[PDB]
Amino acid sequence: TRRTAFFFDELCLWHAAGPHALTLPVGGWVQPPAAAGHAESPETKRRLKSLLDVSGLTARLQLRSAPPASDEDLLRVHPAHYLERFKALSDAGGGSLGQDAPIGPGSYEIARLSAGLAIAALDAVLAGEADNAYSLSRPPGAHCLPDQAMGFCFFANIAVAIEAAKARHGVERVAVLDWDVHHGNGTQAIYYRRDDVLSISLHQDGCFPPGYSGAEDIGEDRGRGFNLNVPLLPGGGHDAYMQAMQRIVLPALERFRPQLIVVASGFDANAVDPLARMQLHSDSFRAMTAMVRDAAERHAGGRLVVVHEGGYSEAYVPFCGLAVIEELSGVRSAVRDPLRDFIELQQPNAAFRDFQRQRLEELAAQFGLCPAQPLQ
C-alpha cells in the first residue's frame, strides 16, 4: 500500500567539483586529498541508491527520471545572466560560482537535471500519479539565492519546482519543511514576503550560514508568520527534533492547511556527519517522515514530496535515506541500522534535553502557536 515515486537519474551522480578537502578548496595550505574530495560527493547519494537496490526497496517503488528544467522554469527564479555565467563556467572546466559553490565541467546540464527531477516530483504528486515522492536531486537547492550560488547549491530546486507547479496546477498553499541541518536560506528569502508558501527550517543554531539563528525572522508584510526558524542547540539529537516537530512544526502546518508538503530532506543532522554537530539516527528521520506523512494525509490528500538535500556521511546517510523511503512507501526492508543502538547511548542527558525542551516551549509561545492535537 501507498504508491511512492522515486525520481532518480544516474547523471546526477556525475556532478563533481574541482579538488577540495571536505569544504576547503585545495590550494595554499590545503593539500589535495589522496581519495575523498569535496564533501558533496557522488558517493553519499550513490550508496543510498545502492542500498535501496540490494534491500529490495527500489523494486517496490515507481522508479522515474524526468527531463531537465527548461530555461523558462529556471527563469521564474533565476536571471538569464546567471544562467549564462553558470553555463560559461561549466563549459570551461568549472570553478567557483559563488561562496562555497564550486562547479565542475558539465555541472550546468546536471544542475538543470536536478531541478527537473524536483519539478517532475511535485508534478507527479499533484497529478495523482503517485501518493508521494522522493527526488534524489543532486546537486542540492536549499541555499541557492536567485542571483547567487551558495552552500553547494546552483539552482533553487524547490522554489523552481514550486513556481512551475503553481504555473501548471494552480496549487495555492505549499509548505516546505527543511530538516537538513543547515538553514534553508534560499527558500526563506524567495518566499519571505509570501503567504502562499510556508517555509519552516529546523537547523543547528549558527551552523550554515555561519552565525545565523533566525528565530525572530518570521517573514514580513504579507509573509509575516509564514516563515519559521527553529535554531536547535548544537549537540541535540532525537528528543530535540521530536520536541521541535511536536511543538512547532505540526501546529504551524495545522494553521497553514497545506495543499502540498515538500520536505527539504538533508541527512546531515545524522550523528556522524562532518558538516554539523547533531545526533540523529535513522529512526529519527523515520519518525519525522511519519509525522509529516500524517500531516500530509490530514491536510493535503497525502500529497508529499521529499527532496534530497545534504548528508555527508558516506557510511550512514544510506541508512537514514532508506528509513525515509520505507516510511513514505510503507514497505519495511530487512535492513537493520548497525549504528542505531550506539547513537541511542550518545544522546543528550536529561538536563540537556530539559534545557532544549524549555527553549522550544518558549519559542512556540513566541511564535504564537497553540498546542492543538491533530484532526481531520
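Numbering starts at 1 and follows the sequence shown.
Colleague: 336 to 344 versus 46 to 54: which one carries the higher mean Cα B factor per the record?
Modeller: Higher mean C-alpha B-factor in the PDB entry: 336 to 344.
Colleague: Could you check the entry and say whether 168 to 176 or 239 to 247 has the higher mean CA B-factor?
Modeller: According to the entry, 168 to 176 carries the higher average C-alpha B-factor.
Colleague: Out of 295, 145, 89, 233, which shows the largest CA B-factor listed in the entry?
Modeller: Highest C-alpha B-factor among the listed options: 89.
Colleague: When you compare the CA B-factors of 324, 30, 350, 63 as listed in the entry, which one comes out on top?
Modeller: Among 324, 30, 350, 63, the highest C-alpha B-factor in the entry belongs to 63.
Colleague: Looking at the temperature factor on the CA atom of residue 221, which third of the chain's modelled residues does it land in?
Modeller: It belongs to the middle third of the chain when residues are ordered by C-alpha B-factor.
Colleague: Test of reading the entry: by CA B factor among the chain's modelled residues, which third contains residue 255?
Modeller: Its C-alpha B-factor belongs to the middle third of this chain's values.
Colleague: Taking the chain's C-alpha temperature factors as the reference, tell me which third residue 123 falls into: lowest, middle or highest.
Modeller: As the PDB entry reports it, the C-alpha B-factor of residue 123 lands in the highest third of its chain.
Colleague: If you rank the chain by CA B-factor, which third does residue 281 end up in: lowest, middle or highest?
Modeller: Lowest third of the chain for residue 281's C-alpha B-factor.
Colleague: Is residue 69 in the lowest, middle or highest third of its chain when residues are ranked by C-alpha B-factor?
Modeller: Within its chain, residue 69 is a middle-third residue by C-alpha B-factor, going by the deposited values.
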